[PDB]
Structure formats: C-alpha cells, structure tokens
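Engineer: I am sharing data_12.cif, which consists of mmCIF, C-alpha atoms and all ligand atoms:
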data_my_file
loop_
_atom_site.label_atom_id
_atom_site.label_comp_id
_atom_site.auth_asym_id
_atom_site.auth_seq_id
_atom_site.Cartn_x
_atom_site.Cartn_y
_atom_site.Cartn_z
CA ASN F 10 15.89 -2.58 29.80
CA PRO F 11 14.50 -4.26 26.67
CA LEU F 12 11.64 -1.73 26.44
CA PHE F 13 14.32 0.82 25.46
CA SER F 14 15.93 -1.00 22.60
CA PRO F 15 14.95 0.55 19.26
CA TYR F 16 12.47 -1.14 16.97
CA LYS F 17 11.73 -0.75 13.26
CA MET F 18 7.97 -0.64 12.76
CA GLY F 19 8.52 -0.83 9.04
CA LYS F 20 9.61 2.58 7.84
CA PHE F 21 9.20 4.10 11.34
CA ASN F 22 12.19 3.56 13.63
CA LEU F 23 11.01 3.75 17.13
CA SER F 24 13.38 4.61 20.00
CA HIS F 25 11.52 2.51 22.52
CA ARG F 26 8.71 0.01 22.81
CA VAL F 27 6.22 1.76 25.13
CA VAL F 28 3.09 2.61 23.13
CA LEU F 29 0.13 4.85 24.01
CA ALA F 30 -2.91 2.61 23.67
CA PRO F 31 -6.01 4.13 22.00
CA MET F 32 -8.30 5.67 24.61
CA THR F 33 -11.68 7.36 24.16
CA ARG F 34 -11.73 10.43 26.42
CA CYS F 35 -14.68 12.44 25.01
CA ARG F 36 -12.99 15.87 24.93
CA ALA F 37 -13.53 16.29 21.15
CA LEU F 38 -16.63 18.44 21.56
CA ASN F 39 -19.25 17.99 18.80
CA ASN F 40 -16.85 15.53 17.12
CA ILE F 41 -14.30 18.28 16.39
CA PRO F 42 -10.73 17.62 17.58
CA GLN F 43 -10.11 20.36 20.14
CA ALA F 44 -6.90 22.13 21.15
CA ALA F 45 -7.10 20.16 24.41
CA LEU F 46 -6.38 16.99 22.42
CA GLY F 47 -3.19 18.58 21.15
CA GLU F 48 -2.08 19.36 24.70
CA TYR F 49 -2.97 15.83 25.88
CA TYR F 50 -1.10 14.00 23.12
CA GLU F 51 1.82 16.45 23.31
CA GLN F 52 2.28 15.72 27.01
CA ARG F 53 2.51 12.00 26.26
CA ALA F 54 4.62 12.20 23.08
CA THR F 55 8.32 11.30 23.17
CA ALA F 56 11.02 11.37 20.51
CA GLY F 57 10.76 8.07 18.67
CA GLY F 58 7.69 7.01 20.66
CA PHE F 59 4.53 5.60 19.09
CA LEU F 60 1.07 7.00 19.91
CA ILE F 61 -2.33 5.63 18.89
CA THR F 62 -5.23 8.08 19.11
CA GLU F 63 -8.61 7.50 20.65
CA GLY F 64 -11.16 5.82 18.44
CA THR F 65 -12.19 8.23 15.68
CA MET F 66 -15.45 8.17 13.72
CA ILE F 67 -15.48 7.18 10.05
CA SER F 68 -19.01 8.41 9.27
CA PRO F 69 -22.00 10.20 10.86
CA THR F 70 -23.45 6.82 11.94
CA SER F 71 -20.28 5.38 13.53
CA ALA F 72 -20.43 6.88 17.06
CA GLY F 73 -21.70 5.53 20.36
CA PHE F 74 -19.91 7.85 22.79
CA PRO F 75 -20.31 11.62 23.25
CA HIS F 76 -17.74 14.07 21.88
CA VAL F 77 -15.48 11.55 20.16
CA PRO F 78 -13.50 13.01 17.25
CA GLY F 79 -14.33 12.29 13.63
CA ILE F 80 -12.13 12.20 10.56
CA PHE F 81 -14.81 12.07 7.87
CA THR F 82 -15.14 15.84 7.22
CA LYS F 83 -12.63 18.35 5.90
CA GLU F 84 -13.18 20.47 9.04
CA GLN F 85 -12.13 17.51 11.17
CA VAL F 86 -9.08 16.98 8.93
CA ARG F 87 -8.00 20.61 9.42
CA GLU F 88 -8.25 20.36 13.20
CA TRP F 89 -6.48 17.00 13.43
CA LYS F 90 -3.65 18.50 11.36
CA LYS F 91 -2.86 20.98 14.15
CA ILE F 92 -2.72 18.11 16.66
CA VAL F 93 -0.53 15.91 14.45
CA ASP F 94 1.86 18.82 13.87
CA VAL F 95 2.35 19.35 17.62
CA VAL F 96 3.07 15.64 18.20
CA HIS F 97 5.44 15.43 15.22
CA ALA F 98 7.38 18.41 16.61
CA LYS F 99 8.22 16.23 19.63
CA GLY F 100 9.45 13.46 17.29
CA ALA F 101 6.64 11.00 17.92
CA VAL F 102 4.92 8.66 15.47
CA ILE F 103 1.12 8.82 15.65
CA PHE F 104 -1.58 6.60 14.12
CA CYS F 105 -5.30 7.43 14.10
CA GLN F 106 -7.60 4.62 15.22
CA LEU F 107 -10.67 4.31 12.97
CA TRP F 108 -13.70 3.24 14.98
CA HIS F 109 -17.27 2.20 14.11
CA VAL F 110 -19.35 1.12 17.12
CA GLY F 111 -22.00 -0.79 15.19
CA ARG F 112 -24.87 -1.76 17.48
CA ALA F 113 -23.10 -0.20 20.50
CA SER F 114 -24.91 3.10 20.02
CA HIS F 115 -28.20 4.86 20.84
CA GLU F 116 -30.73 7.09 19.08
CA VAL F 117 -29.09 10.11 20.74
CA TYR F 118 -25.84 9.39 18.85
CA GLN F 119 -27.42 8.65 15.46
CA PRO F 120 -28.48 11.13 12.76
CA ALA F 121 -32.25 11.67 12.93
CA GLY F 122 -32.35 9.22 15.85
CA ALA F 123 -32.02 6.28 13.46
CA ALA F 124 -31.28 2.77 14.64
CA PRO F 125 -27.58 1.81 14.75
CA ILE F 126 -26.28 -0.71 12.23
CA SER F 127 -24.84 -4.16 12.84
CA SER F 128 -24.35 -7.63 11.38
CA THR F 129 -27.45 -8.64 13.36
CA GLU F 130 -30.73 -7.31 14.71
CA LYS F 131 -29.90 -8.64 18.19
CA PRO F 132 -29.35 -5.81 20.69
CA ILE F 133 -26.65 -5.86 23.30
CA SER F 134 -28.33 -7.46 26.30
CA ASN F 135 -29.66 -5.41 29.21
CA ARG F 136 -26.61 -6.34 31.34
CA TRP F 137 -24.70 -3.52 29.58
CA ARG F 138 -25.70 0.16 29.58
CA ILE F 139 -24.55 3.01 27.32
CA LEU F 140 -23.13 6.29 28.60
CA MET F 141 -25.49 9.15 27.64
CA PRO F 142 -24.45 12.73 26.84
CA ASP F 143 -25.86 13.88 30.21
CA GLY F 144 -23.72 11.41 32.16
CA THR F 145 -26.48 8.92 32.91
CA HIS F 146 -26.63 5.42 31.44
CA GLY F 147 -29.19 4.29 28.88
CA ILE F 148 -30.39 1.13 27.13
CA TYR F 149 -28.81 -0.21 23.93
CA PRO F 150 -31.49 -0.33 21.20
CA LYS F 151 -32.18 -2.99 18.62
CA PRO F 152 -29.85 -2.46 15.63
CA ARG F 153 -30.58 -2.77 11.93
CA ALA F 154 -28.91 -5.70 10.15
CA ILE F 155 -27.22 -4.40 7.00
CA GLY F 156 -27.14 -6.05 3.59
CA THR F 157 -24.04 -6.58 1.54
CA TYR F 158 -24.37 -3.35 -0.46
CA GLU F 159 -24.33 -1.36 2.78
CA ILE F 160 -21.36 -3.45 4.00
CA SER F 161 -19.45 -2.27 0.92
CA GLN F 162 -20.45 1.32 1.74
CA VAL F 163 -19.08 1.00 5.28
CA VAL F 164 -15.82 -0.37 3.85
CA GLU F 165 -15.68 2.74 1.67
CA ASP F 166 -16.12 4.89 4.81
CA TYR F 167 -13.01 3.25 6.29
CA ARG F 168 -11.15 3.86 3.01
CA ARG F 169 -12.05 7.57 2.83
CA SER F 170 -11.27 8.05 6.53
CA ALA F 171 -7.87 6.42 6.03
CA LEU F 172 -7.13 8.86 3.19
CA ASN F 173 -8.34 11.75 5.36
CA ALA F 174 -5.99 10.64 8.14
CA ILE F 175 -3.03 10.73 5.74
CA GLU F 176 -4.13 14.18 4.55
CA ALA F 177 -4.09 15.36 8.19
CA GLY F 178 -0.48 14.14 8.44
CA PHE F 179 -1.00 10.97 10.46
CA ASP F 180 1.75 8.40 10.02
CA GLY F 181 -0.87 5.67 9.67
CA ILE F 182 -4.17 4.31 10.91
CA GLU F 183 -5.29 1.48 13.16
CA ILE F 184 -8.42 -0.55 12.42
CA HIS F 185 -10.50 -0.94 15.59
CA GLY F 186 -11.64 -4.56 15.27
CA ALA F 187 -11.96 -5.16 19.01
CA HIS F 188 -14.14 -4.78 22.11
CA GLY F 189 -17.50 -5.81 20.61
CA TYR F 190 -17.78 -2.92 18.13
CA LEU F 191 -18.84 -3.22 14.48
CA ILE F 192 -16.00 -5.42 13.17
CA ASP F 193 -16.22 -7.63 16.25
CA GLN F 194 -20.00 -7.97 15.64
CA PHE F 195 -19.07 -9.74 12.40
CA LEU F 196 -16.15 -11.75 13.86
CA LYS F 197 -17.84 -13.21 16.96
CA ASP F 198 -20.23 -16.15 16.56
CA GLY F 199 -22.09 -15.04 19.70
CA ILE F 200 -23.20 -11.96 17.74
CA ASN F 201 -23.09 -12.84 14.05
CA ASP F 202 -26.24 -14.85 13.28
CA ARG F 203 -26.12 -14.17 9.53
CA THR F 204 -26.88 -16.86 6.96
CA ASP F 205 -25.39 -15.00 3.99
CA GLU F 206 -21.75 -14.94 2.87
CA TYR F 207 -20.75 -12.81 5.90
CA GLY F 208 -21.95 -15.34 8.49
CA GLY F 209 -21.48 -18.93 9.58
CA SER F 210 -18.01 -20.24 8.86
CA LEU F 211 -14.78 -18.67 10.12
CA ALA F 212 -14.02 -17.58 6.55
CA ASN F 213 -17.37 -15.83 6.20
CA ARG F 214 -17.09 -14.18 9.63
CA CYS F 215 -13.60 -12.88 8.74
CA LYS F 216 -14.79 -11.45 5.41
CA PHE F 217 -15.69 -8.01 6.78
CA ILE F 218 -12.41 -7.39 8.61
CA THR F 219 -10.51 -8.69 5.57
CA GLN F 220 -12.34 -6.31 3.23
CA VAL F 221 -11.80 -3.37 5.60
CA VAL F 222 -8.07 -4.04 5.93
CA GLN F 223 -7.66 -4.61 2.17
CA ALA F 224 -9.48 -1.35 1.38
CA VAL F 225 -7.25 0.73 3.64
CA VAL F 226 -4.10 -1.16 2.56
CA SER F 227 -4.86 -0.38 -1.08
CA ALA F 228 -5.50 3.27 -0.23
CA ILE F 229 -2.53 4.18 1.99
CA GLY F 230 -0.13 1.23 1.89
CA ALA F 231 0.15 -1.77 4.20
CA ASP F 232 3.00 -0.30 6.24
CA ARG F 233 0.70 2.51 7.37
CA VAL F 234 -2.04 0.12 8.59
CA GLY F 235 -2.29 -1.48 12.03
CA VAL F 236 -5.08 -3.88 13.09
CA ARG F 237 -6.47 -4.32 16.63
CA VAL F 238 -8.52 -7.34 17.75
CA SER F 239 -9.62 -8.90 21.05
CA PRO F 240 -10.83 -12.47 20.51
CA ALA F 241 -11.07 -13.26 24.25
CA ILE F 242 -12.69 -10.05 25.51
CA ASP F 243 -16.47 -10.51 25.83
CA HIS F 244 -17.36 -6.86 26.40
CA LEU F 245 -20.81 -5.86 25.07
CA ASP F 246 -21.97 -9.47 24.61
CA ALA F 247 -19.14 -10.24 22.20
CA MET F 248 -18.25 -13.86 22.87
CA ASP F 249 -16.92 -16.50 20.51
CA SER F 250 -17.30 -20.21 21.16
CA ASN F 251 -13.61 -20.66 20.27
CA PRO F 252 -11.58 -17.46 20.79
CA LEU F 253 -8.24 -19.05 19.94
CA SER F 254 -9.59 -20.44 16.65
CA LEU F 255 -11.10 -17.08 15.80
CA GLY F 256 -7.86 -15.26 16.57
CA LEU F 257 -5.85 -17.65 14.42
CA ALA F 258 -8.38 -17.29 11.58
CA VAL F 259 -7.96 -13.51 11.61
CA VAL F 260 -4.17 -13.86 11.65
CA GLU F 261 -4.43 -16.20 8.63
CA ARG F 262 -6.24 -13.54 6.60
CA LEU F 263 -3.77 -10.83 7.64
CA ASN F 264 -0.81 -13.00 6.62
CA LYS F 265 -2.53 -13.53 3.24
CA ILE F 266 -3.20 -9.81 2.75
CA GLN F 267 0.52 -9.24 3.32
CA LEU F 268 1.54 -11.86 0.74
CA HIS F 269 -0.85 -10.56 -1.92
CA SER F 270 0.18 -6.93 -1.38
CA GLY F 271 3.91 -7.68 -1.17
CA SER F 272 4.24 -5.65 2.03
CA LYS F 273 3.79 -6.07 5.76
CA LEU F 274 1.20 -4.28 7.83
CA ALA F 275 2.46 -1.87 10.45
CA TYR F 276 1.45 -4.35 13.18
CA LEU F 277 -1.14 -6.60 14.74
CA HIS F 278 -2.33 -5.29 18.13
CA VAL F 279 -4.06 -7.77 20.45
CA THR F 280 -5.71 -6.84 23.72
CA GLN F 281 -6.65 -9.35 26.41
CA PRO F 282 -9.08 -9.17 29.37
CA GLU F 283 -7.99 -8.09 32.84
CA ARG F 303 -1.09 -18.57 26.32
CA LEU F 304 -3.43 -16.98 23.78
CA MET F 305 -1.36 -13.81 23.27
CA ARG F 306 1.82 -15.75 22.46
CA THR F 307 -0.06 -18.14 20.16
CA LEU F 308 -1.38 -15.32 17.99
CA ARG F 309 2.04 -13.65 17.98
CA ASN F 310 3.70 -16.87 16.85
CA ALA F 311 1.18 -17.22 14.01
CA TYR F 312 1.44 -13.65 12.74
CA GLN F 313 4.16 -12.70 10.22
CA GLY F 314 5.00 -9.21 11.44
CA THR F 315 5.16 -6.76 14.33
CA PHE F 316 3.03 -7.58 17.37
CA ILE F 317 1.73 -5.15 20.03
CA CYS F 318 0.43 -6.69 23.26
CA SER F 319 -2.08 -4.91 25.46
CA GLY F 320 -4.19 -5.37 28.58
CA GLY F 321 -3.04 -5.24 32.18
CA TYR F 322 0.63 -4.71 31.41
CA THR F 323 2.85 -3.23 34.11
CA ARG F 324 6.47 -2.12 33.88
CA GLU F 325 7.63 -5.60 34.90
CA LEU F 326 5.18 -7.48 32.66
CA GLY F 327 6.05 -5.27 29.68
CA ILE F 328 9.78 -5.84 30.21
CA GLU F 329 9.14 -9.59 30.42
CA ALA F 330 6.97 -9.65 27.29
CA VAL F 331 9.67 -8.07 25.13
CA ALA F 332 12.51 -10.05 26.75
CA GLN F 333 10.74 -13.39 26.20
CA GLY F 334 9.75 -12.58 22.61
CA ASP F 335 6.02 -12.43 23.42
CA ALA F 336 5.70 -9.04 21.70
CA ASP F 337 7.66 -6.37 19.91
CA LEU F 338 5.80 -3.41 21.45
CA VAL F 339 3.68 -3.02 24.60
CA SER F 340 0.77 -0.58 24.78
CA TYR F 341 -0.41 1.01 28.04
CA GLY F 342 -3.84 2.53 28.57
CA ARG F 343 -5.02 3.47 32.05
CA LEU F 344 -1.52 4.22 33.39
CA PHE F 345 -0.95 6.57 30.44
CA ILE F 346 -4.09 8.51 31.46
CA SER F 347 -2.52 9.52 34.77
CA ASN F 348 1.21 9.48 33.92
CA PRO F 349 1.86 11.81 30.96
CA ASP F 350 5.55 10.90 31.24
CA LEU F 351 4.82 7.17 31.51
CA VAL F 352 7.75 6.36 29.20
CA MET F 353 10.24 8.17 31.41
CA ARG F 354 8.73 6.67 34.56
CA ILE F 355 9.14 3.19 33.09
CA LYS F 356 12.74 4.07 32.16
CA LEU F 357 13.58 5.28 35.68
CA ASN F 358 11.32 2.81 37.52
CA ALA F 359 9.74 5.90 39.12
CA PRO F 360 6.45 5.63 41.04
CA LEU F 361 3.26 5.99 39.00
CA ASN F 362 0.26 8.26 39.59
CA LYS F 363 -3.21 6.90 40.25
CA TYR F 364 -5.91 7.48 37.65
CA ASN F 365 -9.43 8.74 38.35
CA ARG F 366 -12.12 6.69 36.59
CA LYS F 367 -14.69 9.44 37.25
CA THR F 368 -12.96 11.69 34.68
CA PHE F 369 -12.27 9.12 31.95
CA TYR F 370 -15.18 10.32 29.78
CA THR F 371 -16.01 13.80 31.05
CA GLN F 372 -15.77 16.89 28.82
CA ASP F 373 -13.43 19.25 30.72
CA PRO F 374 -10.40 20.20 28.58
CA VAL F 375 -8.12 20.15 31.66
CA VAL F 376 -9.62 18.40 34.70
CA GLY F 377 -8.71 14.71 34.63
CA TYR F 378 -7.23 15.18 31.16
CA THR F 379 -4.10 17.35 31.15
CA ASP F 380 -3.73 18.10 34.87
CA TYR F 381 -2.14 14.80 35.86
CA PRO F 382 1.36 15.85 36.96
CA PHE F 383 4.79 15.01 35.62
CA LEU F 384 7.51 13.53 37.85
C1 LIG F 401 -11.14 5.22 29.24
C2 LIG F 401 -10.74 4.17 28.23
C3 LIG F 401 -10.94 4.42 26.87
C4 LIG F 401 -10.56 3.46 25.93
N1 LIG F 401 -10.77 3.71 24.59
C5 LIG F 401 -10.36 2.79 23.63
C6 LIG F 401 -10.55 3.06 22.28
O1 LIG F 401 -11.02 4.15 21.90
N2 LIG F 401 -10.15 2.12 21.35
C7 LIG F 401 -9.62 0.91 21.77
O2 LIG F 401 -9.26 0.07 20.94
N3 LIG F 401 -9.46 0.65 23.11
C8 LIG F 401 -9.82 1.58 24.05
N4 LIG F 401 -9.64 1.31 25.39
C9 LIG F 401 -8.97 0.02 25.81
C10 LIG F 401 -7.48 0.37 26.00
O3 LIG F 401 -6.84 0.78 24.79
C11 LIG F 401 -6.63 -0.75 26.62
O4 LIG F 401 -6.62 -1.84 25.72
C12 LIG F 401 -7.17 -1.16 27.99
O5 LIG F 401 -7.25 -0.02 28.84
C13 LIG F 401 -6.34 -2.22 28.71
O6 LIG F 401 -5.01 -1.76 28.87
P1 LIG F 401 -4.44 -1.17 30.27
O7 LIG F 401 -4.42 -2.24 31.33
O8 LIG F 401 -3.05 -0.69 29.98
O9 LIG F 401 -5.37 -0.04 30.68
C14 LIG F 401 -9.99 2.26 26.34
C15 LIG F 401 -9.81 2.02 27.69
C16 LIG F 401 -10.17 2.96 28.64
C17 LIG F 401 -9.96 2.66 30.09
#
Would you encode the structure as structure tokens?
Ligand SMILES: Cc1cc2nc3c(=O)[nH]c(=O)nc-3n(C[C@H](O)[C@H](O)[C@H](O)COP(=O)(O)O)c2cc1C
Structural biologist:
Amino acid sequence: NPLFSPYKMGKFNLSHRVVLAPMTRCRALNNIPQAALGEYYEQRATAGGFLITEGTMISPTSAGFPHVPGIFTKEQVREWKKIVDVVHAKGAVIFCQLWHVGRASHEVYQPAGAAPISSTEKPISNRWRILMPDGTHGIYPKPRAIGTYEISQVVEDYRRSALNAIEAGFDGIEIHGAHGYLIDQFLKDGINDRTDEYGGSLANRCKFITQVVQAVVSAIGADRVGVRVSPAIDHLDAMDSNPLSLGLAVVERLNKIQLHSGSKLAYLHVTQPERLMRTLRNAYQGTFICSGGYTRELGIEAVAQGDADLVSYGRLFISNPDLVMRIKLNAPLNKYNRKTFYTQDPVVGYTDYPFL
C-alpha cells in the first residue's frame, strides 16, 4: 500500500501519507481551545502521522463561525500548548491552520458589531447564508474594502499568529488561502474588483497571498509553512474566470518564494470540489497534498500515480478516529452525521464516534 510508505515532509519524516484535513468543528468555546479539542486530536493522532488543525483565528476580526479557536492571545497559546503536547506524545506532527474569513462574517462575530473586511465592498450574494451562534442561518453583510495600510496590518496578524503557533509547540502552520475566505477574496477575479496594486492582473491578485506567505516564512522558516488553495471551488461566490491560470499563477509565486529564501515550503495543499490537480502538482517544486472527495482507493491511486505525495481526508476523519488504521486494514468506515459538524457539545458528534 503506497499510502504507508514513509515520506519526508522536509525535516518531518512521516510514517504514512494519510493526513487529517483542517476541519472547523466549533467546540473551542469563546475562541479558547478546550480540553475536548485535545481528546479529539489525540484520538486521530498516529505515530508519524500528520494532522492539520481546524481554521484558527489570527485576530479579533478574523472569525465568521462560532466557537472557533484563536491563536492571537497568550491565553489561547497556553491552551493550545496542552493540546499540542498530547498529540506530540502520540508521535504525530501537527500544523495549525491560520484562518481569516474576510467578508464571510456577520456583525455577531465582529467586535462592536463592525462590518467584516475584504478586498471589496461586494457582499456574498443571498444564495449563501451564514451559520449564527443560535444555530439559525443569517445574511452575509456588506464588507468594508481595506486600503493597503490595513492589508499590511493583516499580514502582520498572520506573522504574529505564526510565531504564537510556534510558541505553543506546533510543528508549523498552514495558510488558509481557500474556500472563498479572505485570501481567496483577493485571488479570485469574481470577487476582487480593486483598481489598485492588489487588483486586476494575476500578479496584483497574487500579491496578498505572496505577502502573507513571505511574512510567515521569514518569521518561522519555510519548512514550517504549508499553503492551502482551491482555485476551482466556487464556495461563497468565489469564482475565477480561469481557475487553472489562477492556480498556476499562485504556484509561480510559491516557487519564487522558495528560490529567494533558499528553502522549500512544507507543502502546497490543493482542494477540489466534490486534470487540474495534477497540473498544479507538476508545476509546484515541492511536496503536494491533494484533498477533496478522496477515498481509500482514490488516495492509493493518487500516490501510486505520482499525483500527490500526501492525501488529506476530512469528512471520513470526523467519523473514523482511527481512519489511518482502517485504511491500512481496508476495514469498513463509519458514517458521519452532518447535524453535529458545527455543534458545541464536547462529546456528542465529536469524540463519541467509535474505534474499530
Ligand atoms: C465540517 C467541515 C469543516 C471544515 N473546516 C475547514 C477548515 O477549517 N479549513 C479548511 O481549509 N477546510 C475545511 N473544510 C474542508 C475540508 O478540509 C476538506 O477539504 C473537505 O471536507 C473535502 O474533503 P473530504 O471529501 O475528505 O471531506 C471543512 C470541511 C467540513 C466538512
């Protein structure tokens, strides 16, 4: 089974290629990482296995889901440290995904009920609704389009959060540049209507992600930085007229960051909607994680055919804490319950999915 050949993700030698994809679960009450998170990640950790945490806030203005963890305060650092220690005691490698939702927010999630920030003042259209803290769904508001000074401040928030993640003991961080969130609101020409140096051409639209990645690379080292993008996913009104071109343009800038820094990133992580994946892999000089709809058989095939070095699983990892072992044994998998993806119980639908 090619998923069980070892792989060197730079200075981290992984024992197998099954990766826990980042998944928002909303158990981090009041943005504090809770003991429940430690139990959840511990159940899924394996010796030499790689885990990516749920999206984690970089600033008070970065959230658009309830009870998502932050890593911008020293209190949050202390609590993450307890979780990282538990996962490291099982021999796993763990990266913290840094997440800013941009315009995908609501007054209820913003300090003082302020408008969320974006590249644009265009709101997400009414076809999408936001999950509210009470479990209902609300309307995405009009965001505030930020100037270039504020862009530099957001980059600094990523930089400080990356340093905080290292202080908590994380092996690295992943930049969430996917799924229509803040970075994707700069990348995608269906969203980015700017006429300044951050809008228009591919080079201008890639400026923000480039500056974010460079900032965190300078702060913690390229080999501790992964990058996640989704050029072909149009979630939250995040379409590009030419997804393949956009994906290749991002890869270009990542390859250049690696040359100028003299080191490789930890990986590029691309997720697809339920030949583009292979094309970006072929263009990128480094480790590639594929994601989106992978099964045991499709993951085996992806590694065997050279389409990816690592394969990340999301929904099946929700309901199969021992997903790695089930893939190894070709054991039957447990169903997942969508109703408890984003609820707040520390156990129900979170840690009570059974082992083999
Ligand atoms: C409940 C849920 C939460 C998710 N949260 C995140 C997230 O925080 N960051 C991210 O990049 N992707 C997130 N995703 C997308 C997944 O990481 C993954 O790419 C997606 O589920 C497709 O892979 P799969 O077929 O293995 O589930 C989430 C998906 C689900 C279903």
Engineer: Put a box with edges along x, y and z around all the listed atoms of ligand LIG 401 (chain F), pad it by 4 Å on each side, then give me its centre and sizes in Å, one decimal, as AutoDock Vina command-line options.
Structural biologist:
--center_x -7.1 --center_y 1.5 --center_z 26.1 --size_x 16.1 --size_y 15.5 --size_z 18.4
Engineer: As JSON, numbers by chain, please: every protein or nucleic acid residue near ligand LIG 401 (chain F) (cut-off 9 Å, counting only C-alpha atoms and all ligand atoms).
Structural biologist: {"F": [29, 30, 31, 32, 33, 34, 61, 62, 63, 64, 65, 77, 106, 107, 108, 183, 184, 185, 186, 187, 188, 237, 238, 239, 279, 280, 281, 282, 283, 318, 319, 320, 321, 322, 323, 339, 340, 341, 342, 343, 344, 345, 346, 366, 368, 369, 370]}
Engineer: Can you pull out every residue within 12 Å of residue 376 in chain F, counting all atoms listed in the file, but drop anything in the same chain fewer than 4 positions away, and send it as JSON, numbers by chain?
Structural biologist: {"F": [34, 36, 45, 49, 346, 347, 364, 365, 367, 368, 369, 370, 371, 372, 380, 381, 382]}
Engineer: Compare F:254, F:119, F:219, F:362 by their minimum atom-to-atom distance to residue 308 in chain F, counting all atoms listed in the file, and give me the closest one.
Structural biologist: F:254
Engineer: Restricting the calculation to all atoms listed in the file: of F:118, F:21, F:217, F:190, which residue gets closest to residue 159 in chain F?
Structural biologist: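 Closest residue, counting all atoms listed in the file: F:217.
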